[PDB]
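To start, the structure itself, in structure tokens.
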């Protein structure tokens, strides 16, 4: 092992560092907003259809309970 | 101290020298190229995403300034 060998390794370590890391939280925030909008968008169909069929607005709830003829 | 002692030391000094040093600037240049490419590669995502969302190309700049809805 020579000192030139180790100094070249140190220089290449420094060069391999310093790689600029761009902003990434904006991408995550935008994806979260898109996911939320895509999650709550189909619920417009449920509310509108239930209101069209006469189901009371107070009877339109959120859950996995089996919807009856009066509750959705 | 004997002259044979010192001559053996001189011979071993000469032998410990003469160690061939291979080329090393090629490694540094290749690492620098890889580091530069890895630095500017993620900027493709930023430009493409900003163009997809309608941000004007002239509004896509480089810096740590907080990107607004119109500038990136």
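Protein chains in written order, with the deposited numbering: chain A, 7 to 78; chain D, 7 to 78.
C-beta: ideal position from N, C-alpha, C; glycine also.
### Task
Name the residue from 22/A, 61/A, 10/A, 55/A whose alpha carbon lies nearest to the alpha carbon of residue 30/D.
Here residue 30/D corresponds to residue number 24 of the second chain, with the count starting at 1. For the residues 22/A, 61/A, 10/A, 55/A, the minimum Cα distance to residue 30/D belongs to 10/A.
#### Entry: CB of residue 34/D within 8 Å of CB of residue 18/A, strictly
Residue 34/D sits at position 28 when you count from the first residue of the second chain. Residue 18/A sits at position 12 when you count from the first residue of the first chain. Cβ atoms of residue 34/D and residue 18/A: closer than 8 Å.
### Message
Quick check on DSSP: helix, strand or coil for residue 77/A?
### Response
Within the first chain, residue 77/A is the residue found at index 71, counting from 1. Reduced to three states, the DSSP call for residue 77/A is coil.
### Message
By alpha-carbon positions, which one of 27/A, 60/A, 22/A, 54/A ends up nearest to residue 70/D?
### Response
As a position in the second chain, residue 70/D is number 64, starting the count at 1. Relative to the Cα of residue 70/D, the nearest Cα in the group 27/A, 60/A, 22/A, 54/A belongs to 27/A.
### Message
I need the straight-line Cα distance from residue 74/D to residue 61/D, nearest angstrom please.
### Response
Counted from its first residue, the second chain places residue 74/D at position 68. Counted from its first residue, the second chain places residue 61/D at position 55. Those two C-alpha atoms are separated by around 10 Å.
### Query
Is residue 58/D near residue 66/D, with beta carbons less than 8 Å apart?
Here the question's residue 58/D lines up with position 52 in the second chain. Here the question's residue 66/D lines up with position 60 in the second chain. The answer is no: Cβ separation not under 8 Å.
### Task
Output the distance between the C-alpha atoms of residue 7/A and residue 15/D, rounded to the nearest integer angstrom.
Residue 7/A sits at position 1 when you count from the first residue of the first chain. Residue 15/D sits at position 9 when you count from the first residue of the second chain. Approximately 21 Å, taken between the alpha carbons.
### Query
Taking Cβ-Cβ distances shorter than 7 Å, what residues in chain D pair up with residue 28/A?
Taking the first chain and counting its residues from 1, one reaches residue 28/A at position 22. 48, 49, 52, listed in chain order.
### Task
Please report how far the alpha carbon of residue 41/A lies from the alpha carbon of residue 47/A, in whole angstroms.
Here residue 41/A is taken as the residue at index 35 of the first chain, counted from 1. Here residue 47/A is taken as the residue at index 41 of the first chain, counted from 1. Taking the straight line joining both Cα atoms gives about 10 Å.
#### Entry: Exposure of residue 52/D, with buried meaning 16 or more beta-carbon neighbours within 10 Å
Residue numbering aside, residue 52/D sits at position 46 when the second chain is read from its first letter. Result: buried.
### Separation of residue 32/D from residue 49/D, as counted between CA atoms
Numbered from 1 along the second chain, position 43 holds the residue referred to as residue 49/D. Numbered from 1 along the second chain, position 26 holds the residue referred to as residue 32/D. Cα to Cα, the separation comes out at about 27 Å.
#### Entry: Exposure of residue 78/D, with buried meaning 16 or more beta-carbon neighbours within 10 Å
Counting from one through the second chain, the residue named residue 78/D turns up at place 72. Flag for residue 78/D reads buried.
### Task
Consult DSSP for residue 47/A and reduce its assignment to one of helix, strand or coil.
Within the first chain, the letter at position 41 stands for residue 47/A. Reduced to three states, the DSSP call for residue 47/A is coil.
### Query
Going along the chain, which residues of the stretch 53-71 of chain A sit with their C-beta nearer than 8 Å to a C-beta in chain D?
Flagged: no residues at all.
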